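Below are the chains, spelled out letter by letter.
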Amino acid sequence: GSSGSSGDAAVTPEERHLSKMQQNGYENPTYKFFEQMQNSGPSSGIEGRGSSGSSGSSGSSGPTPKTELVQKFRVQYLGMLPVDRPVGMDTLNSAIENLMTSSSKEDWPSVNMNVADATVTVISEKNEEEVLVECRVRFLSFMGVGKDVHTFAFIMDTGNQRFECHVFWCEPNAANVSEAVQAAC
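Residues numbered from 1 in each chain as written, not as in the entry; some residues may be left out. Heavy atoms only, no water.

In its metadata, the entry names solution NMR as the structure determination method.

Here is the structure:
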């Protein structure tokens, strides 16, 4: 796909915001925190020997979940594209073209972006319990758009240092989407 306009008089307030996402993108801070978590360093002292190690998981309920509105957007699901890097405009984009050639524009099933409680869940158009894809912003490492604003992708973590890049088509542009998802971050 060859993108490029001949000229232009004035720039729209929607594009400008999209340009930024095209420059470098949006990196999630949390992800970083999850890695290096500040903790006490008692290392200092008269202790330099001994081997130990334990593990466990305690559970306890408290408050109750309440009803909270949600944001739903209309978009298509090109598919999932495996990557080697957690971030990088060259990694996310590359994936786009990959899925683009994989299936046609009509091949992509019309889905809906369910943005709630900082959770990105791609719910089918008709089916609500389909949960075609389940992504959590808190886990989202990097996200950005392709050469074209209409194309919107994002990188998510599944497990075992794994990263998946999903693409979605937005209309008219991915400005209302790239903004709704970011706010969740």
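### Focus on the packing of helix α1 (residues 13-23) against helix α4 (residues 175-184)
The following threshold applies: Axis geometry follows a simple rule: fit a line to the C-alpha atoms, using only the stretch in contact for helices, then measure angles between N-to-C directions, giving values from 0 to 180 degrees. Helical segments are the DSSP runs of H or I of at least four residues, strand segments are the runs of E of at least two, and each set is numbered from the N terminus. Convention used here: angles under 35 degrees read as roughly parallel, angles over 145 as roughly antiparallel, angles from 65 to 115 as roughly perpendicular, and any remaining angle as oblique. Definitions for this section: a left-handed crossing has its near helix turned counterclockwise from the far helix by less than a right angle. A right-handed crossing has that turn clockwise. By the convention used here, residues are in contact when the closest approach between their heavy atoms is within 4.5 Å. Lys, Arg, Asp and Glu make up the charged group, whereas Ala, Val, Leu, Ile, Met, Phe, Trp, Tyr, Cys and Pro make up the nonpolar group; the residues left over, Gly among them, are polar.
In contact at an axis separation of 9 Å, α1 and α4 are set at 60 degrees when each is read in the N-to-C sense. When the axis of α1 is compared with that of α4, the two are oblique. Crossing of α1 against α4: the hand is left-handed. Along its contact with α1, which presents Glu14, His17, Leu18 and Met21, the element α4 presents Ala175, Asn176, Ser178, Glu179 and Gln182. Taken together, the residues of the contact of α1 with α4 break down into three nonpolar, four polar and two charged.

### Things to note about the packing of aromatic side chains
Stated formally: Aromatic contacts are taken between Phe, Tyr and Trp rings whose centres are within 6.5 Å, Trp giving its six-membered ring; a plane angle under 30 degrees counts as stacked, one over 60 as edge-to-face, and the others as tilted. Partly exposed describes any residue whose relative accessible area lies between the buried limit of under 20% and the exposed limit of over 50%, with all areas from a 1.4 Å probe on protein chains only and scaled to the type maximum. Here, a charge over a ring is recorded when the distance from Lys NZ or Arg CZ to the ring centre is within 6 Å and its angle to the ring normal is within 35 degrees.
Going through the model one piece at a time under the given rule, you end up with four aromatic pairs. With centroids separated by 6.2 Å and ring planes inclined at 45 degrees, the aromatic side chains of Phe152 and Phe154 adopt a geometry described as tilted. Overall, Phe152 belongs to the buried group, its relative accessible area being 1%. Note on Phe154 and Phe168: the rings are 5.4 Å apart at their centroids and 5 degrees apart in plane angle, and the pair reads as stacked. Taken together, the positions of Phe154 in strand β7 (residues 151-157) and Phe168 in strand β8 (residues 163-170) put the pair 14 residues apart, joining distant regions of the chain. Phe154 gets classed as buried once you look at its relative accessible area, which sits at 2%. By way of ring pairs, the aromatic residues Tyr77, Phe152, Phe154 and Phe168 are connected into one cluster. The ring centre of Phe33 lies 4.5 Å from the NZ or CZ of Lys32, which sits over that ring. Sitting over the face of the ring of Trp169, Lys105 holds its NZ or CZ atom 4.9 Å from the ring centroid.

### Topic: the pairing of strand β3 (residues 110-116)
In plain terms, the rule: Criterion used throughout: strands pair if DSSP finds at least two bridges between them.
Counting buried residues along β3, six of its seven residues qualify, which places the element largely inside the surrounding structure. Relative to β3, strand β2 (residues 71-82) is paired through six bridges, and the arrangement is antiparallel. Looking at the pairing, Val75 lines up with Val111 of β3. Sheet topology places β3 next to strand β4 (residues 119-124); six bridges connect them, and they run antiparallel. Its bridge partner being in β4, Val111 is matched across the sheet by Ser124.

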